[PDB]
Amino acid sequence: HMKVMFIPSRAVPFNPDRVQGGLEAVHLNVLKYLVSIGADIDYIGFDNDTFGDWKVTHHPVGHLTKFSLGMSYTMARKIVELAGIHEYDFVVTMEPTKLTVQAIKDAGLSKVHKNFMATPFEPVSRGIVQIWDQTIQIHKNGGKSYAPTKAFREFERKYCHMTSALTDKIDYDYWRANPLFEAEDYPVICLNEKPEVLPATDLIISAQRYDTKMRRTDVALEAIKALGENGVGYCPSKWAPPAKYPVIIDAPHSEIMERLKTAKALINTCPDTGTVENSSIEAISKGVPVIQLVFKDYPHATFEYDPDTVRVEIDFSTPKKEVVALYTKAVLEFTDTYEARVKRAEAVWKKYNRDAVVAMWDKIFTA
């Protein structure tokens, strides 16, 4: 019934069986929903996309390895073409280029533009500055952007005061006076049936990319080593750790989730950029607590999913030597009741049950 134009993320071709974090998770979740309600989707994507049995009218702009200029102009041209022959209820985007945003405007779709975000603002990165520059442009044009969490919305009010040598073009006057995200909640997960919380083993799991700068996974896997038999780490091969930390590489996501059901806790060591944190909600939805490394006075999505989360508190000056010891101490000394597992699973059930999720989507997809 809904007619929708869909402009995807541009890092990798779409695959429904991919499970990772970042923008790809948002991309998948929005698309999956639209397919579930039988939307007529004009998907301006890449020749190497796959959709399985999903009904999608595909408009390829080229084979994707690295997104190119030619591809972008093909995409922009296609936007305008399609908008001429079809009446779209909405156009969906995933952190689009300047050219896409301009094309949406010229096509007359700016006021039905629904944009979704995941990448934190990082002034040092030319590419990310462009992303947020266009988030500002979308707001000026009268489109709407949506954040997965309240944490991300709080971070956005910090982002407007962050500058660098690369941010001279950014309209900070406009940004500071206009919160770029809409107030409405976004369904980061969808629970169709009320979860059956299983009792804990002693096993604690880290389901994180090996990334010392962003996620401080070295700290995580140092705690894993200290746990011995009661500790396991999962890493993708694309973000594998050094040999000194044995982990399970590229495990089927389903098997990780199945194992997580009976875990005592989840290790999460991303302190400063906890904007979405999918592995946290993956755990808490099953009743599993997160042992969260975090900066003092920083927002974090984990505390949103479970207010009672255990905090291992640091700041940017805390030496690695201390951080490891302090975090390892929290992990080895971790206790948690079965009732607390039921409680935290219930809170997430109350928020992200199917009926609540559809209501959330409805508010997003309103003209």
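One-based numbering along the sequence shown.
193 to 201 versus 89 to 97 - greater average Cα B-factor per the deposited record: Looking at the record's C-alpha B-factors, the answer is 193 to 201.
Which has the higher mean CA temperature factor in the PDB entry, 122 to 130 or 248 to 256? If you average the C-alpha B-factors of 248 to 256 and of 122 to 130, the larger mean comes out for 122 to 130.
Comparing residue 322 with the other modelled residues of its chain, is its CA B-factor in the lowest, middle or highest third? Answer is highest: the recorded C-alpha B-factor places it there.
Residue 313, C-alpha B-factor rank within chain (lowest, middle or highest third): Its C-alpha B-factor, which the entry lists for residue 313, ranks in the highest third among residues of this chain.
Quick check for you: using the entry's CA B-factors within this chain, is residue 215 in the lowest, middle or highest third? Answer is middle: the recorded C-alpha B-factor places it there.
If you rank every modelled residue in this chain by C-alpha B factor, which third holds residue 10: lowest, middle or highest? According to the entry, residue 10 has a C-alpha B-factor in the chain's lowest third.
Determine, from the deposited record, the chain-internal third of the Cα B-factor for residue 45: lowest, middle or highest. Lowest third - that is where residue 45 ends up once the chain's C-alpha B-factors are sorted.
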